[PDB]
Amino acid sequence: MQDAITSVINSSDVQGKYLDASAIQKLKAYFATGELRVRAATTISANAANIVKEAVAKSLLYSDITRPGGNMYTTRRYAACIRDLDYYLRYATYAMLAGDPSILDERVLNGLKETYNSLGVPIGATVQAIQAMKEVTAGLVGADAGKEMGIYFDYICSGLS
Amino acid sequence: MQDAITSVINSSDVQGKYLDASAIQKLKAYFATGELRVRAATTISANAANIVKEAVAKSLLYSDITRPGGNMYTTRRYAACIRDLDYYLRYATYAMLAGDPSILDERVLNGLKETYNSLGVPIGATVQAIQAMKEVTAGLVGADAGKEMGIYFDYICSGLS
Amino acid sequence: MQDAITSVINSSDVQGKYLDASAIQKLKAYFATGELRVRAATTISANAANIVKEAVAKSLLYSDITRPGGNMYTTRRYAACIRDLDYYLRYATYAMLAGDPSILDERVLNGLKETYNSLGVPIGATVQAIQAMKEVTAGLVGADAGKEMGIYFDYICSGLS
Amino acid sequence: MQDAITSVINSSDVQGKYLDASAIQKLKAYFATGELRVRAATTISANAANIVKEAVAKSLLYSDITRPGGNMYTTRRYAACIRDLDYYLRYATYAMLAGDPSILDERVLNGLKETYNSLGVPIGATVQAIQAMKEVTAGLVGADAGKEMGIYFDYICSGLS
Amino acid sequence: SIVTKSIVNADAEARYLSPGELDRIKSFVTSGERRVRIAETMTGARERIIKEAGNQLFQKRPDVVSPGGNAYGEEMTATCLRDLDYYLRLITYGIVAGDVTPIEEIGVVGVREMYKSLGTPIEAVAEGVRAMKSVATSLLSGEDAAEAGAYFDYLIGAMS
Amino acid sequence: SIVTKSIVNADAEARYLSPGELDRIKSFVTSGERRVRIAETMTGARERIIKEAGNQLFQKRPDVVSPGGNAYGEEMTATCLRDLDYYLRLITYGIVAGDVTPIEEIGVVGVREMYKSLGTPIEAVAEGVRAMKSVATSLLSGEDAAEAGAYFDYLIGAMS
Amino acid sequence: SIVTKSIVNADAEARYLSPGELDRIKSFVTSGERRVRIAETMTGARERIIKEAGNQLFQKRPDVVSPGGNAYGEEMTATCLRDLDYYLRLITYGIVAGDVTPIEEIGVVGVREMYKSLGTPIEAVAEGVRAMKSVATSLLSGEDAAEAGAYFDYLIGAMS
Amino acid sequence: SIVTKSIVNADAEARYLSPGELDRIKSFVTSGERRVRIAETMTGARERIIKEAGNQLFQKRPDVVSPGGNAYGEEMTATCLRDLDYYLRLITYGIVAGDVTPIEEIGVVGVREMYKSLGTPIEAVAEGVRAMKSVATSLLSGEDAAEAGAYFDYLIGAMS
Amino acid sequence: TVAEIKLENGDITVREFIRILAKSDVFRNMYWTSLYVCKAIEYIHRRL
Amino acid sequence: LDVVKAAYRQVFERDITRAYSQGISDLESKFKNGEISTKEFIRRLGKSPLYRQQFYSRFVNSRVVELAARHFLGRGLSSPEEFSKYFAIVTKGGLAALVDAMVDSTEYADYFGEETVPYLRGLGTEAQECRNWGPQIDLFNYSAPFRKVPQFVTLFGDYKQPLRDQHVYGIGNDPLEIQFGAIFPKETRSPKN
Amino acid sequence: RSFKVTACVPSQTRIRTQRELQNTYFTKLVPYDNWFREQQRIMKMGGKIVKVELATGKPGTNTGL
Amino acid sequence: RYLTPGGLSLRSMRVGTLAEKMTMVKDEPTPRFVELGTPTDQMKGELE
Ligand SMILES: *[C@H](C)[C@H]1/C(=C/c2[nH]c(/C=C3N=C(/C=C4\NC(=O)C(CC)=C4C)C(C)=C\3CCC(=O)O)c(CCC(=O)O)c2C)NC(=O)[C@@H]1C
Ligand SMILES: CCC1=C(C)/C(=C/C2=NC(=C\c3[nH]c(/C=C4\NC(=O)[C@H](C)[C@H]4CC)c(C)c3CCC(=O)O)/C(CCC(=O)O)=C2C)NC1=O
Ligand SMILES: CCC1=C(C)/C(=C/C2=NC(=C\c3[nH]c(/C=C4\NC(=O)[C@H](C)[C@H]4CC)c(C)c3CCC(=O)O)/C(CCC(=O)O)=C2C)NC1=O
Ligand SMILES: CCC1=C(C)/C(=C/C2=NC(=C\c3[nH]c(/C=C4\NC(=O)[C@H](C)[C@H]4CC)c(C)c3CCC(=O)O)/C(CCC(=O)O)=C2C)NC1=O
Ligand SMILES: CCC1=C(C)/C(=C/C2=NC(=C\c3[nH]c(/C=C4\NC(=O)[C@H](C)[C@H]4CC)c(C)c3CCC(=O)O)/C(CCC(=O)O)=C2C)NC1=O
């Protein structure tokens, strides 16, 4: 739940002392990179229905999985697969705006073995969808913002496998 | 640890009475089909390495799970999975001969839902593979013993979940 | 959930094919016995307090499972036990009428073996109850429809044991 | 731990040939005399306490070594020798069913000689006890089964001496 | 049974069942029809075999009956005759089971210190089952009373 | 030997052999004259099977006979036939023993270690004893080949 | 890596980081820029190595490509170039790490059980990675081909 | 059939057929039930003969399915299994009729001018039915495979 | 039934009928008294 | 005699000579001779049919490896690779190889060695780890052979996982989803927890 | 098959861990199947095997454990 | 309205209710030598 601000003032609360100059320097390291994230979080929010559109066509479409016998065959399953991908963009922008992958341990990595195993979701196609989604996102957002966003995409698929 | 013989012994022991005529009818039913199971337990233990490379190649290979991301992408995890699946064929033909699924319940089926959710394997692809092991054995020892095998494969997949 | 028509659609949907001449005789064997099963259900429901009466009269009454040192003894636990036997018969009406045991595996066989160890009621008396319910039913409905009702009786007994 | 079955297999393999005609006649010699060996075994397994009960009363009791000053004056020692004598009958039974002293050679003989002299056990008092016990079993089992009883109790009596 | 003792021996070696073990189960079910004739024969002669073997028990050992012993009481012998019937409950099981596997965990495991606690002599039971054996070998033919007497005399030495 | 498996079973619990176990030996000894008659059909037809099952092998697996294979050349395939001829010889030890422990301690303890180094495909060896099974069972009577086919059958599964 | 292996050995003796493994690690990390421009050139020419060692394997082992072998058919021999694509991909992880614990945890520890369960000969892969080594030493310069060629030579020892 | 071949043998000499020829009809029809039992298990195992005898053919002779050969390609391999599938239909036809004459009147009049024109080697198509003989006799029992194998031998005898 | 005939009259709605159902002693005995507290928070949250 | 009392007490968790009147008596005689060492007396006890009737055929193979380590090694499993070494031995040769791979280990002979009995190594007798602090003292209790679901592998794998889907207050606060009843995994009946 | 062995195995850790020292130079029957894992274990501690003598087993069999 | 993911394995991972969840049958077609052998006319009467 916490961010780079509320990890510093949580860890400096619990020692009992006030905010000191070793911890304010950690806040200024977040405040120097804060302007980079708000430009990064704006452009993904205007293209959330289009990053998902291209990345499904990057790795998922015209496969076994799109075809019958695969998993995303029925229209009912298909939309869901966009929707079960669209949380992975919205929660990754929240952790990019936070500067901490503490949202991602908390909202979007709880059942993520056990929901997907108890629904017939293949894990190995979701990890292949996400670095197909990371490549089009870092192309859309830039080289500098792409590696900060690239931590929180690779935080998800490492916890998902 | 019980047989289809000794369960009729034990269920006529908690009541404390002797062997009734329907209890001897349960023992004469098992003695009548006694030689059928031993003609199957030779032939399945003959081809115990041939079924495990057939049912895996039927419903588990060339999917995404052998591809990276999935739970069969490692050579540590391919050889663990054949070790995970040789146990299901070996304990079934143990339970074929005894006529009792009590061997499966306290040797295989006790911690199997709880380890598989802990290690993060697909239960849905395992229960695919044990059900893929059904029609290979049904097409090997004939339809009579295979339908008698199918009560003990469908006790495994019922007890996985 | 699904029945004999929905499953053979869903067996032929996930292959991607149409309804071939190898699946129409699965429907034609269902539609030939379509008039047989509807007469089978309408004599179950007219006798449904007597099939559950004659089933316990051969197994549970005048034994020492209804002794004061017994599981059945308090009348809270009796009226549950008739009702826990009501729900085995009424869903067995359904699966015979559907032609597929999938409604049994969703609601009756949900967690029933793991509730019973958590309660302490015996399982070995319950298979004696339903197999006493099977011999009452096939005499009442008829030796044709008692055969197909005997499958869905023993499918519960395969899941309890 | 080899058998008359196996020693004619082992002598046929240290040559490296098949089962010849001389190897057949050794085997049919075993199968002709093997039927009375099982009938000899049931009697000595039945009277395994009654034989040792009067074997000590013939030779051990009311002598110097069960007197004070003797070896067997302690109740540990008198319990040990009955434990020593029940093993000598049980292993000679195991030598009787195989028909060879190779069962008697591996288990019991390698440590009786040097440790009875280490523990002060009189071997020269032990040997007439067990060859009295070889006399009382021939009256119990019959004369024709008594001769091959007499050749392995001699093999113990040669190994002690 | 002989099936479970073939299985849990072959489960500890983590292999399948050997064909040396698979003829053992195959010859067992062919000879199972003989021993279930014995189980109907022992069960029908149940009420006869208790009272006469106890009658031979009393003349051999009167210490249970006499005062100073345990069963000096008109209820206290009635639990003794039920206790003999508890063992013939087991003897007809292992004849059908083809082993002494129902003799073991129901009847013989804790009996050396159970009877030490209760004050009954464990040696005194060992002739009562032997007096039961001498009547049970009389009603049965000798090619079947040899094996049915062999299940008894396992338990005789296992008591003492 | 099925006798030796019973001795180590009864020695490991420090007890005599149960009458369930002695019934197995009594069925083994009275069938032992039948056991030698199984081997005499196979010894007298030893050269018939190996020349047949060589040709049964080399149609199903001619990757061996083609060059680059493990037994290429007529000096090598004579050694491949005596590797078959050991296994027909060993089965006649295992039939008359009753157990599979002469097949084990002679042939299949380290057979996945030797044939790994020797370069031969062990799946072709498991084909080869299966090619040896189909002709040798047809030479026997069908009741004797039910028991004798099982000693063939453990040699199939313990290969691969 | 080596840095894991130096910690894990020093953690087992429960001391601090020794002057020994302070200088193994420092000599590793000042060679860290040299190994990545070794490992880039493998990934920079991954389509040439797979095509050349694919050309080099199938002339050495024509039993594989010929029908009845495992990689037969245009879908199956495309998978054997993919089966070698992983092992070239793993070697670049081992060159960067400076050890073979990327090779060990991903591509070694269950190989012989898997390739027996797939039907392929195990030693035919051991020729192919050895043929993959013979085109990788022609890429690099001489003093680096001894370093990167040792990681190929580890993978041969896991197979055979 | 032998009924057709004996009517027209008696039709040219224009009299009623002899009891020496009528008894051959009587032995034909009384053994008529057994020959349908040979055929009706081959028709039920029709797909699992041709897929393996084809794969035993291309493994034994690889130049046919190799490119440059006649049966190269997934279409040409499929039509060169129908050329094997057609003969399994006629062998099941010859087993029912009792004689080789529904093969001689259908399958083998002009094969040496058919496959000379089509380009396939006639020696290789005689090898495939030899692979079909070694598959189908293994799927049949010990006694009945000899009478089925003679019609397999006539098909190889007509091409060679 | 005195909770029930208010619904059959129309004097209460169904949402008021569920509240007057699960405040009874038969619901309180079955799922509150005979359970752990945070089990019984979760199970009434599961049903309603 | 009180050594061979405690050797049964260490392996079989209680004195089954005193309480069940049974134990193989030929093995004590080779033990009391000084013929076999105390390492061998454990190992020939571990391959006995008394052990596999008591601690091998009643449990899952993953539960046996956690239960054998508390018997012979005297400690819990410390690492998931150190579990996974011993679990391959159970598929190799079953019980007789598993007790062979653990009693002949260098973890055994460094600590117990040659002529002493194994003793369980609790807190205070040596330093104890922090990774498996929970299920080690839980394994050292007498209620250890009734934990049927395995302890270590359900949490050695869980440390690499993210937070598993359950109820927020533990798995015992999560009812089985059926039509009625409110059944619960009672944590005291069978330790799911 | 089993054979006795006289071996003296010092520990080389009892200075560190401070345990009760058990006095080596033992004699024990090690069986044939378990010996080379136990023999290699004497080499890892650097102990010196003095005498190995075949107690029981009759060296040269092909069957019979 | 909702259910716990461990509870969906209890409901729908059975043997009977698995064909609606994932793929199960995967029918191989007629092999191409069989469909090359038919005369593209599966029925004929008098013209036999
Ligand atoms: C008996 C008639 C004579 C006698 C014997 C006596 N023996 C012992 C002690 C031991 N005897 C053995 C021998 C064996 N143990 C075996 O397991 C086997 C193979 C089945 C054999 C041959 C051993 C090893 C011992 C030592 C073990 C122990 O003592 O517990 C004693 C006890 C000696 C003591 O001081 O403890 C005695 C008294 N004594 C007699 O009266 C007879 C001459
Ligand atoms: C990163 C670690 C890793 C390994 C080791 C690995 C092996 C691996 N090899 C496979 C197949 C294969 N691999 C081969 C390989 C070969 N054929 C030959 O004869 C040659 C010797 C050889 C390679 C040059 C073949 C033929 C198959 C297909 C097997 C089949 O479908 O029957 C498959 C199954 C198909 C699939 O991938 O879906 C796996 C999982 N996969 C991995 O992810
Ligand atoms: C005797 C009863 C019994 C069984 C069955 C059992 C299984 C068991 N399976 C394991 C792992 C496993 N089981 C599987 C199996 C599968 N995962 C998949 O993706 C496939 C769908 C499926 C097989 C086809 C895999 C891949 C692992 C390894 C996971 C890992 O190493 O992290 C482990 C952890 C040990 C290890 O990973 O080395 C155990 C203890 N234990 C037992 O005691
Ligand atoms: C179809 C879906 C469905 C299922 C699975 C269902 C199962 C079911 N059967 C139950 C109880 C019960 N089950 C029995 C069992 C029996 N009666 C006997 O006396 C015999 C011993 C035995 C059967 C022959 C008993 C006695 C109870 C009451 C237990 C108790 O109140 O303690 C309970 C516990 C309910 C309670 O006790 O409050 C449930 C949930 N109800 C359903 O709607
Ligand atoms: C029932 C009597 C009967 C026979 C004998 C028959 C033969 C026959 N085989 C043909 C083709 C063929 N047959 C083969 C067969 C083979 N190629 C090889 O090299 C192998 C040796 C061999 C099979 C084992 C091939 C490849 C063709 C296609 C010829 C081509 O496309 O060049 C064709 C032309 C296309 C067709 O109709 O299939 C005929 C008529 N047809 C019949 O109705």
# chains A, B, ... in the order shown; residues from 1 in each chain; ligands from 1
>>> residues_near_ligand(ligand="ligand 4", cutoff="6 Å", atoms="only C-alpha atoms and all ligand atoms", output="PDB file with N, CA, C and O atoms, in the first residue's frame")
ATOM      1  N   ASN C  71     -24.604 -42.691  16.457  1.00  0.00           N
ATOM      2  CA  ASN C  71     -24.529 -41.428  15.741  1.00  0.00           C
ATOM      3  C   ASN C  71     -25.908 -40.834  15.517  1.00  0.00           C
ATOM      4  O   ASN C  71     -26.083 -39.614  15.584  1.00  0.00           O
ATOM      5  N   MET C  72     -26.904 -41.676  15.268  1.00  0.00           N
ATOM      6  CA  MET C  72     -28.226 -41.233  14.847  1.00  0.00           C
ATOM      7  C   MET C  72     -29.078 -40.682  15.979  1.00  0.00           C
ATOM      8  O   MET C  72     -30.092 -40.040  15.700  1.00  0.00           O
ATOM      9  N   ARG C  77     -30.273 -35.177  14.916  1.00  0.00           N
ATOM     10  CA  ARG C  77     -29.437 -35.899  13.978  1.00  0.00           C
ATOM     11  C   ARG C  77     -30.200 -36.934  13.178  1.00  0.00           C
ATOM     12  O   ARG C  77     -29.685 -37.394  12.157  1.00  0.00           O
ATOM     13  N   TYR C  78     -31.406 -37.310  13.603  1.00  0.00           N
ATOM     14  CA  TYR C  78     -32.223 -38.173  12.760  1.00  0.00           C
ATOM     15  C   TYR C  78     -32.774 -37.398  11.580  1.00  0.00           C
ATOM     16  O   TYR C  78     -32.657 -37.834  10.432  1.00  0.00           O
ATOM     17  N   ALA C  80     -31.938 -34.624  10.257  1.00  0.00           N
ATOM     18  CA  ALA C  80     -30.914 -34.281   9.291  1.00  0.00           C
ATOM     19  C   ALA C  80     -30.596 -35.468   8.405  1.00  0.00           C
ATOM     20  O   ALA C  80     -30.430 -35.307   7.194  1.00  0.00           O
ATOM     21  N   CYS C  81     -30.549 -36.669   8.986  1.00  0.00           N
ATOM     22  CA  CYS C  81     -30.088 -37.847   8.259  1.00  0.00           C
ATOM     23  C   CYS C  81     -31.097 -38.323   7.231  1.00  0.00           C
ATOM     24  O   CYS C  81     -30.709 -38.894   6.213  1.00  0.00           O
ATOM     25  N   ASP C  84     -30.420 -35.549   4.789  1.00  0.00           N
ATOM     26  CA  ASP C  84     -29.159 -35.749   4.079  1.00  0.00           C
ATOM     27  C   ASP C  84     -29.298 -36.930   3.114  1.00  0.00           C
ATOM     28  O   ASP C  84     -28.557 -37.004   2.134  1.00  0.00           O
ATOM     29  N   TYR C  87     -31.476 -35.448  -0.104  1.00  0.00           N
ATOM     30  CA  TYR C  87     -30.679 -34.768  -1.105  1.00  0.00           C
ATOM     31  C   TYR C  87     -29.820 -35.712  -1.929  1.00  0.00           C
ATOM     32  O   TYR C  87     -29.234 -35.274  -2.918  1.00  0.00           O
ATOM     33  N   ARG C 107     -22.925 -30.089  -6.858  1.00  0.00           N
ATOM     34  CA  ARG C 107     -23.607 -29.736  -5.624  1.00  0.00           C
ATOM     35  C   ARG C 107     -23.602 -30.839  -4.580  1.00  0.00           C
ATOM     36  O   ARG C 107     -23.427 -30.549  -3.398  1.00  0.00           O
ATOM     37  N   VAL C 108     -23.790 -32.095  -4.967  1.00  0.00           N
ATOM     38  CA  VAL C 108     -23.797 -33.168  -3.978  1.00  0.00           C
ATOM     39  C   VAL C 108     -22.385 -33.536  -3.581  1.00  0.00           C
ATOM     40  O   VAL C 108     -22.050 -33.620  -2.398  1.00  0.00           O
ATOM     41  N   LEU C 112     -18.189 -33.340   0.088  1.00  0.00           N
ATOM     42  CA  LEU C 112     -18.989 -34.184   0.968  1.00  0.00           C
ATOM     43  C   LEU C 112     -18.156 -35.205   1.732  1.00  0.00           C
ATOM     44  O   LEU C 112     -18.483 -35.531   2.878  1.00  0.00           O
ATOM     45  N   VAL C 121     -19.690 -38.396  11.184  1.00  0.00           N
ATOM     46  CA  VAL C 121     -20.699 -39.362  10.780  1.00  0.00           C
ATOM     47  C   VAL C 121     -20.003 -40.430   9.944  1.00  0.00           C
ATOM     48  O   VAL C 121     -18.972 -40.146   9.321  1.00  0.00           O
ATOM     49  N   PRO C 122     -20.459 -41.675   9.954  1.00  0.00           N
ATOM     50  CA  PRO C 122     -19.745 -42.708   9.208  1.00  0.00           C
ATOM     51  C   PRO C 122     -20.100 -42.700   7.736  1.00  0.00           C
ATOM     52  O   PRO C 122     -21.230 -42.423   7.338  1.00  0.00           O
ATOM     53  N   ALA C 125     -21.696 -46.552   6.582  1.00  0.00           N
ATOM     54  CA  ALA C 125     -23.131 -46.742   6.681  1.00  0.00           C
ATOM     55  C   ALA C 125     -23.885 -46.033   5.570  1.00  0.00           C
ATOM     56  O   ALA C 125     -24.999 -46.444   5.235  1.00  0.00           O
ATOM     57  N   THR C 126     -23.305 -44.980   4.994  1.00  0.00           N
ATOM     58  CA  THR C 126     -24.005 -44.206   3.980  1.00  0.00           C
ATOM     59  C   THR C 126     -24.038 -44.936   2.649  1.00  0.00           C
ATOM     60  O   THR C 126     -25.047 -44.876   1.939  1.00  0.00           O
ATOM     61  N   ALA C 129     -26.675 -47.260   2.918  1.00  0.00           N
ATOM     62  CA  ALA C 129     -28.003 -46.669   2.830  1.00  0.00           C
ATOM     63  C   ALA C 129     -28.438 -46.490   1.383  1.00  0.00           C
ATOM     64  O   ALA C 129     -29.569 -46.828   1.024  1.00  0.00           O
TER      65      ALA C 129
ATOM     66  N   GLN J 179     -23.901 -26.371   0.142  1.00  0.00           N
ATOM     67  CA  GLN J 179     -25.227 -25.766   0.168  1.00  0.00           C
ATOM     68  C   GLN J 179     -25.584 -25.201   1.534  1.00  0.00           C
ATOM     69  O   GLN J 179     -26.264 -24.173   1.610  1.00  0.00           O
ATOM     70  N   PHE J 180     -25.088 -25.808   2.607  1.00  0.00           N
ATOM     71  CA  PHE J 180     -25.564 -25.496   3.950  1.00  0.00           C
ATOM     72  C   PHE J 180     -24.575 -26.031   4.967  1.00  0.00           C
ATOM     73  O   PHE J 180     -23.539 -26.593   4.617  1.00  0.00           O
ATOM     74  N   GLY J 181     -24.883 -25.815   6.236  1.00  0.00           N
ATOM     75  CA  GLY J 181     -24.151 -26.484   7.285  1.00  0.00           C
ATOM     76  C   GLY J 181     -23.119 -25.681   8.045  1.00  0.00           C
ATOM     77  O   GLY J 181     -23.038 -25.825   9.271  1.00  0.00           O
TER      78      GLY J 181
END
>>> residues_around(residues="residue 12 of chain L", least_positions_apart="4", cutoff="9 Å", atoms="only C-alpha atoms", output="PyMOL selection string")
(chain A and resi 118-119) or (chain B and resi 161) or (chain C and resi 105-106+110) or (chain L and resi 7-8+16-18+20-21)
>>> closest_atom_pairs(of="chain J", to="ligand 1", cutoff="12 Å", atoms="only C-alpha atoms and all ligand atoms", output="tab-separated table")
residue	atom	partner	partner_atom_place_in_ligand_line	distance
J:1	CA	ligand 1	30 (O)	8.9
J:4	CA	ligand 1	30 (O)	10.7
J:24	CA	ligand 1	17 (O)	10.5
J:25	CA	ligand 1	17 (O)	7.8
J:26	CA	ligand 1	17 (O)	4.6
J:27	CA	ligand 1	17 (O)	6.7
J:28	CA	ligand 1	30 (O)	6.8
J:29	CA	ligand 1	27 (C)	4.2
J:30	CA	ligand 1	24 (C)	5.1
J:31	CA	ligand 1	27 (C)	7.3
J:32	CA	ligand 1	27 (C)	4.8
J:33	CA	ligand 1	26 (C)	4.5
J:34	CA	ligand 1	24 (C)	8.2
J:35	CA	ligand 1	24 (C)	7.7
J:36	CA	ligand 1	24 (C)	10.2
>>> write_last_selection(atoms="N, CA, C and O atoms", output="mmCIF file, in the first residue's frame")
data_model
loop_
_atom_site.group_PDB
_atom_site.id
_atom_site.type_symbol
_atom_site.label_atom_id
_atom_site.label_comp_id
_atom_site.auth_asym_id
_atom_site.auth_seq_id
_atom_site.Cartn_x
_atom_site.Cartn_y
_atom_site.Cartn_z
ATOM 1 N N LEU J 1 20.484 -51.526 29.190
ATOM 2 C CA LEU J 1 19.080 -51.637 28.818
ATOM 3 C C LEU J 1 18.387 -50.297 28.665
ATOM 4 O O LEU J 1 17.452 -50.196 27.865
ATOM 5 N N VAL J 4 18.914 -49.015 24.955
ATOM 6 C CA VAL J 4 18.013 -49.621 23.982
ATOM 7 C C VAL J 4 16.559 -49.330 24.340
ATOM 8 O O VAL J 4 15.669 -49.500 23.503
ATOM 9 N N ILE J 24 11.750 -55.958 17.902
ATOM 10 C CA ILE J 24 12.475 -57.121 17.401
ATOM 11 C C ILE J 24 13.665 -57.399 18.313
ATOM 12 O O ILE J 24 14.507 -56.532 18.565
ATOM 13 N N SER J 25 13.694 -58.608 18.861
ATOM 14 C CA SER J 25 14.602 -58.925 19.945
ATOM 15 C C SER J 25 15.928 -59.484 19.473
ATOM 16 O O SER J 25 16.871 -59.546 20.268
ATOM 17 N N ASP J 26 16.021 -59.907 18.213
ATOM 18 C CA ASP J 26 17.298 -60.393 17.715
ATOM 19 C C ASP J 26 18.251 -59.243 17.460
ATOM 20 O O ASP J 26 19.470 -59.421 17.533
ATOM 21 N N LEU J 27 17.716 -58.060 17.183
ATOM 22 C CA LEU J 27 18.546 -56.914 16.878
ATOM 23 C C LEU J 27 19.192 -56.328 18.114
ATOM 24 O O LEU J 27 20.281 -55.764 18.013
ATOM 25 N N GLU J 28 18.551 -56.469 19.271
ATOM 26 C CA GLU J 28 19.115 -55.990 20.527
ATOM 27 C C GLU J 28 20.289 -56.843 20.939
ATOM 28 O O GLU J 28 21.210 -56.359 21.596
ATOM 29 N N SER J 29 20.228 -58.130 20.604
ATOM 30 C CA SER J 29 21.283 -59.055 20.969
ATOM 31 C C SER J 29 22.555 -58.776 20.190
ATOM 32 O O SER J 29 23.652 -58.872 20.746
ATOM 33 N N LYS J 30 22.428 -58.395 18.921
ATOM 34 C CA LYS J 30 23.585 -57.908 18.187
ATOM 35 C C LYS J 30 24.000 -56.531 18.676
ATOM 36 O O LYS J 30 25.173 -56.161 18.573
ATOM 37 N N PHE J 31 23.054 -55.767 19.213
ATOM 38 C CA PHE J 31 23.378 -54.475 19.786
ATOM 39 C C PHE J 31 24.102 -54.624 21.113
ATOM 40 O O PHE J 31 25.161 -54.025 21.300
ATOM 41 N N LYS J 32 23.580 -55.457 22.020
ATOM 42 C CA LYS J 32 24.173 -55.622 23.346
ATOM 43 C C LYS J 32 25.495 -56.372 23.320
ATOM 44 O O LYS J 32 26.244 -56.313 24.301
ATOM 45 N N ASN J 33 25.785 -57.083 22.230
ATOM 46 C CA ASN J 33 27.076 -57.729 22.046
ATOM 47 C C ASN J 33 28.193 -56.710 21.882
ATOM 48 O O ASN J 33 29.337 -56.974 22.263
ATOM 49 N N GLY J 34 27.873 -55.539 21.352
ATOM 50 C CA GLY J 34 28.876 -54.662 20.818
ATOM 51 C C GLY J 34 29.263 -55.017 19.407
ATOM 52 O O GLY J 34 30.290 -54.537 18.922
ATOM 53 N N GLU J 35 28.474 -55.859 18.747
ATOM 54 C CA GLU J 35 28.797 -56.295 17.400
ATOM 55 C C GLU J 35 28.547 -55.172 16.407
ATOM 56 O O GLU J 35 29.478 -54.670 15.774
ATOM 57 N N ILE J 36 27.304 -54.746 16.278
ATOM 58 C CA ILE J 36 26.975 -53.602 15.464
ATOM 59 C C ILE J 36 27.115 -52.356 16.322
ATOM 60 O O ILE J 36 27.028 -52.398 17.550
#
>>> calpha_fit_rmsd(fixed="chain H", moving="chain F")
1.0 Å
>>> residues_near_ligand(ligand="ligand 5", cutoff="6 Å", atoms="only C-alpha atoms and all ligand atoms", output="number ranges by chain")
H: 64, 70-71, 76, 79-81, 83-84, 86, 107, 118, 120-121, 124-125, 128
>>> residues_around(residues="segment 144-159 of chain B", least_positions_apart="5", cutoff="7 Å", atoms="only C-alpha atoms", output="MDAnalysis selection string")
(chainID B and resid 37 40 92 96 101 109 127 130 134 137:138) or (chainID L and resid 14:15)
>>> write_last_selection(atoms="C-alpha atoms", output="PDB file, in the first residue's frame")
ATOM      1  CA  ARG B  37      -6.809 -57.593 -11.988  1.00  0.00           C
ATOM      2  CA  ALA B  40      -3.962 -56.172 -15.801  1.00  0.00           C
ATOM      3  CA  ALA B  92      -3.489 -46.871  -9.012  1.00  0.00           C
ATOM      4  CA  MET B  96      -6.447 -51.979  -8.587  1.00  0.00           C
ATOM      5  CA  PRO B 101      -9.132 -46.800  -2.835  1.00  0.00           C
ATOM      6  CA  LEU B 109      -4.336 -37.872  -1.692  1.00  0.00           C
ATOM      7  CA  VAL B 127      -6.015 -33.595 -13.681  1.00  0.00           C
ATOM      8  CA  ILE B 130      -4.344 -38.261 -15.222  1.00  0.00           C
ATOM      9  CA  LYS B 134      -7.213 -43.162 -18.626  1.00  0.00           C
ATOM     10  CA  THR B 137      -4.718 -47.751 -20.154  1.00  0.00           C
ATOM     11  CA  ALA B 138      -8.254 -48.403 -21.391  1.00  0.00           C
TER      12      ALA B 138
ATOM     13  CA  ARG L  14     -14.425 -32.998 -10.701  1.00  0.00           C
ATOM     14  CA  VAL L  15     -14.406 -35.688 -13.351  1.00  0.00           C
TER      15      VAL L  15
END
